[PDB]
Protein chains: 2
Amino acid sequence: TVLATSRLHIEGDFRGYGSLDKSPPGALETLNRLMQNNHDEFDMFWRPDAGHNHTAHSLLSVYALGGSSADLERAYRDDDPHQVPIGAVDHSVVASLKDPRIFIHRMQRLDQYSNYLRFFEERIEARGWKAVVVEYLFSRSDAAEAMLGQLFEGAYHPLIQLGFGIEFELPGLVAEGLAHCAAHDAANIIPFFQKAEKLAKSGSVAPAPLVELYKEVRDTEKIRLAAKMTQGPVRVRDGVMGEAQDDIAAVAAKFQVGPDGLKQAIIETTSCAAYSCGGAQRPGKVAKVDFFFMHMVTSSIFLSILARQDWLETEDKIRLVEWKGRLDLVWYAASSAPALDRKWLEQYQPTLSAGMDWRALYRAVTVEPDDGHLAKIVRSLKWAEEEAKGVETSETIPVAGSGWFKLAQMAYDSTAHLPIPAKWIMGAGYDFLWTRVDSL
Amino acid sequence: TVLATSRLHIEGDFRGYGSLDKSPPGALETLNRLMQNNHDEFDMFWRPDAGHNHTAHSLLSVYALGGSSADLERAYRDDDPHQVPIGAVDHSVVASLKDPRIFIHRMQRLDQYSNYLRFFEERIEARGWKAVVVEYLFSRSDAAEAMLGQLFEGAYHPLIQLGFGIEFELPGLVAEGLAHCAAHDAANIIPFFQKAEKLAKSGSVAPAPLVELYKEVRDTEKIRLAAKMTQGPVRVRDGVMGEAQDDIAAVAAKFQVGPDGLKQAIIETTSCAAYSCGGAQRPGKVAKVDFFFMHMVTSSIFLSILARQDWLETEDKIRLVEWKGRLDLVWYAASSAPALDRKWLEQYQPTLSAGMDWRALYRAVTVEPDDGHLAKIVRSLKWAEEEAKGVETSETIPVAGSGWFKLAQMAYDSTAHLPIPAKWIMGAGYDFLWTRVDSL
Ligand SMILES: [Fe+3]
Ligand SMILES: [Fe+3]
């Protein structure tokens, strides 16, 4: 049967966190048609590693930046490579997924995306999307505890997918997010999360500022050297988790958020992510932003949005932010824990984006051929400026004030007018990748 | 200890199977400098899947086709993406590999390439390359039986690497091929080879022509549908082998070469591979050659070269051709066992290569931006024409005579002037991939 949940219809004036100009007339009709087409026709995964379908991210991010119909059609066409036929649904499997032991058994298999999508659309039709998200992520059932680790997989793509669904209150996009979460292949991060949380809750680990834990990752050779450059998309599974899981779990346990610390922890994790992006530069080289660090920033807006949900308990919001900052240490390790310095972003002189304000940068981004990452990082940074309003740089907050926009300018300047493979550096700590980057 | 084996130096006038025009003066000096740089500086593997370094293949194929110094420099620059720093050697690991248990225990790990390379350069320094190849591939030890399955891994890359070292009698390149063979990640093909051979030698399985075995693979839904499109580089491991290993082993067991049948089996396996490339076209679509089928043809020249080695028993040459023809069914299944028809190559009208002969096509290939696959497929097809001279098309030989050059023209026409990702179709049996191909 046709589910009401399957129809993705955005209506009303809500146009995204970090929005400035409203999209001109016609854009919402185009967004609705393309979002529905993508929902119905395309899989979540188009290849076995780094294969996340970004179509919904690119569309909603371009809409939030005030893009027109033509800018949404551009976003959609730029992500043609991400768009492959959705897998056939087995309705027998969908019925069996209501059994939580079968639900757990079938997780972490990419080919199950469409089965979990039909399952979550059916559950959301019956119970409403808020009730289903609480049940399957926050209820502390065996299934929800697995799902919560899965939510951070693949450099935060399930958190992003679910985040957009929550942000726009789109029940069928919430279903995509939960199905993405269930089906994502495992990087062996669940035991890292369990180990670090068990140490953090023991009473025996003193909390430390996140910026000091990045330094501990770089300064601990066994963690720093765990990932290998040519492990590429499996640096986390085969390197950081395979060689140094216990070691990095002991570092991550020191990131602890007190019951009044939610807003400050979102600012701290977002600031340290931005610091990684801006600060991992090399003398004599043009500015480049690390692909993985960019994901630490693009995902950060969804922590701010989750933090504002009235159907979610403060203790769950705090747990999300703790796990996110802990996994940011893992992605930092996976880029070979590059030296960070605040001077790079402080001293950066914008090129293509010089003299622009946010409105002008937003408009430049809406037309730039891209898979959605430029629109996502620029929006997360505009939003970070709002979240962190009145917070200045300090020993624990490495980026703030003018730094949020300066990083958005750097991201634009270092990616615009390049083919997608030249845009982002695929691990800033690996000396060899800088031999392929332009000298000043 | 500097080894004599680590020096790669081609001298004399041997310029490769299928060679026509001699390279002009300066080419040999350029080849020797680039071959040595690649041998010394670069790993065999630049990413975890489909990450084979083709530099040696591209240089030696362009040289065989009569390329100039500038054609060799282009081939080398075009394979810059394949060229990443060689892994550090652990000399204590190299000493331990003398123990057959430790040798076997460390196999199938990409990161051990440089450790196996040093090991094989040391063994070849002591015993000569022929004795080391017999010991580690053909001696029937536990290690050699494992190595022999590994030789066909990753669509025949270890076989190609070793084949060029044997072809040019380059001890250091033979070392490259054995080390590639040892280190290559496993696709669970070793048990396929074991199950198919056991059935073939049981006396319970009547032999059948290879063309009927391609047909049986397509006509058996369990085998044809085992691989999924979005499994990409792991279709064999996670699809054909994961779902249908026993089923396809039973089909492959029917390919059986009699004691005088070596030359006919090389022609039959090469003709069926060429038929896959030429024959898997679609109505209303421009011609495109399947990437994996192309490997089934590029590797074929090395079966012919191995067949002419006086140090290798006839039984071992026959065993190579049986295993290769059997794994060709697995690669056909991995591309979703497309319908083949002899009309496409018979009716094909050359476009860019219209009116060229072999010498003009060779010259056109030497200058074409490419990673080495075009040079390799055109050389294999010129050689196939010599191997199969006087053999006409039949019920069991689907491609012959003018078909070899016609397919070479099709490969040039369908790849020239395109960026690398657009050159070859990544699984001709998947209908969806043809929606991205140009209409006639
Ligand atoms: Fe992404
Ligand atoms: Fe290849």
# chains A, B, ... in the order shown; residues from 1 in each chain; ligands from 1

$ interface_residues --of "chain B" --to "chain A" --cutoff "10 Å" --atoms "only C-alpha atoms" --output "PDB file with C-alpha atoms, in the first residue's frame"
ATOM      1  CA  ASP B  43      54.355   0.732  -4.322  1.00  0.00           C
ATOM      2  CA  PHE B  45      49.170  -0.698  -4.653  1.00  0.00           C
ATOM      3  CA  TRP B  46      47.910   2.886  -4.453  1.00  0.00           C
ATOM      4  CA  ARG B  47      44.437   2.182  -2.911  1.00  0.00           C
ATOM      5  CA  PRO B  48      42.699  -0.867  -1.325  1.00  0.00           C
ATOM      6  CA  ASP B  49      40.490  -1.892  -4.334  1.00  0.00           C
ATOM      7  CA  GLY B  51      44.670  -0.002  -6.895  1.00  0.00           C
ATOM      8  CA  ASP B  80      51.115   9.574 -11.964  1.00  0.00           C
ATOM      9  CA  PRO B  81      47.860   8.637 -10.022  1.00  0.00           C
ATOM     10  CA  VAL B  84      52.711   6.438  -4.455  1.00  0.00           C
ATOM     11  CA  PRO B  85      55.752   5.970  -2.181  1.00  0.00           C
ATOM     12  CA  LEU B 110      48.641  -5.406   0.477  1.00  0.00           C
ATOM     13  CA  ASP B 111      51.016  -3.631   2.910  1.00  0.00           C
ATOM     14  CA  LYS B 228      25.219  -6.669  -7.705  1.00  0.00           C
ATOM     15  CA  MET B 229      26.149  -3.582  -9.658  1.00  0.00           C
ATOM     16  CA  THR B 230      26.943  -1.468  -6.571  1.00  0.00           C
ATOM     17  CA  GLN B 231      29.330  -4.135  -5.188  1.00  0.00           C
ATOM     18  CA  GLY B 232      31.758  -2.491  -7.743  1.00  0.00           C
ATOM     19  CA  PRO B 233      35.314  -3.834  -7.110  1.00  0.00           C
ATOM     20  CA  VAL B 234      34.088  -6.602  -4.685  1.00  0.00           C
ATOM     21  CA  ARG B 235      31.418  -8.220  -6.989  1.00  0.00           C
ATOM     22  CA  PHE B 432      21.606   0.965 -15.797  1.00  0.00           C
ATOM     23  CA  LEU B 433      25.261   1.599 -16.888  1.00  0.00           C
ATOM     24  CA  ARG B 436      25.060   6.783 -19.179  1.00  0.00           C
TER      25      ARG B 436
END

$ residues_near_ligand --ligand "ligand 2" --cutoff "10 Å" --atoms "only C-alpha atoms and all ligand atoms" --output "mmCIF file with C-alpha atoms, in the first residue's frame"
data_model
loop_
_atom_site.group_PDB
_atom_site.id
_atom_site.type_symbol
_atom_site.label_atom_id
_atom_site.label_comp_id
_atom_site.auth_asym_id
_atom_site.auth_seq_id
_atom_site.Cartn_x
_atom_site.Cartn_y
_atom_site.Cartn_z
ATOM 1 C CA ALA B 50 41.435 -1.678 -8.096
ATOM 2 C CA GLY B 51 44.670 -0.002 -6.895
ATOM 3 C CA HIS B 52 47.233 -1.852 -9.094
ATOM 4 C CA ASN B 53 50.235 0.229 -10.283
ATOM 5 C CA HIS B 54 50.065 -0.063 -14.156
ATOM 6 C CA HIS B 57 52.548 -2.328 -18.093
ATOM 7 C CA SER B 58 52.056 1.057 -19.819
ATOM 8 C CA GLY B 154 42.140 -8.642 -9.190
ATOM 9 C CA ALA B 155 41.288 -9.432 -12.854
ATOM 10 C CA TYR B 156 44.772 -10.925 -13.575
ATOM 11 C CA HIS B 157 47.082 -8.068 -12.432
ATOM 12 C CA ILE B 160 50.259 -9.507 -16.031
ATOM 13 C CA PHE B 291 36.609 -2.941 -18.291
ATOM 14 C CA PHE B 292 36.738 -6.505 -16.821
ATOM 15 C CA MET B 294 39.199 -6.107 -21.468
ATOM 16 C CA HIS B 295 41.380 -7.573 -18.680
ATOM 17 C CA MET B 296 40.441 -11.066 -19.857
ATOM 18 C CA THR B 298 44.994 -8.070 -21.902
ATOM 19 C CA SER B 299 46.094 -11.049 -19.720
ATOM 20 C CA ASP B 371 46.811 4.422 -18.200
ATOM 21 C CA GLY B 372 48.171 1.511 -20.310
ATOM 22 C CA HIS B 373 44.955 -0.533 -20.920
ATOM 23 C CA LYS B 376 47.743 -3.681 -23.609
#

$ closest_residue --among "A:407, A:374, A:134, A:182" --to "ligand 1" --atoms "only C-alpha atoms and all ligand atoms"
A:374

$ calpha_fit_rmsd --fixed "chain A" --moving "chain B"
0.1 Å

$ residues_around --residues "residue A:323" --least-positions-apart "4" --cutoff "8 Å" --atoms "only C-alpha atoms" --output "PDB file with N, CA and C atoms, in the first residue's frame"
ATOM      1  N   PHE A 193      33.294   3.509  20.784  1.00  0.00           N
ATOM      2  CA  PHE A 193      32.306   4.319  21.556  1.00  0.00           C
ATOM      3  C   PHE A 193      32.010   3.679  22.928  1.00  0.00           C
ATOM      4  N   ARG A 319      24.790  13.110  25.066  1.00  0.00           N
ATOM      5  CA  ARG A 319      25.453  11.846  24.653  1.00  0.00           C
ATOM      6  C   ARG A 319      25.845  11.938  23.173  1.00  0.00           C
ATOM      7  N   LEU A 327      34.556  10.834  18.181  1.00  0.00           N
ATOM      8  CA  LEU A 327      34.872  10.315  16.834  1.00  0.00           C
ATOM      9  C   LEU A 327      35.637  11.353  16.010  1.00  0.00           C
TER      10      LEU A 327
END

$ residues_around --residues "residue B:115" --least-positions-apart "4" --cutoff "7 Å" --atoms "only C-alpha atoms" --output "PyMOL selection string"
chain B and resi 89-90+93-94+119
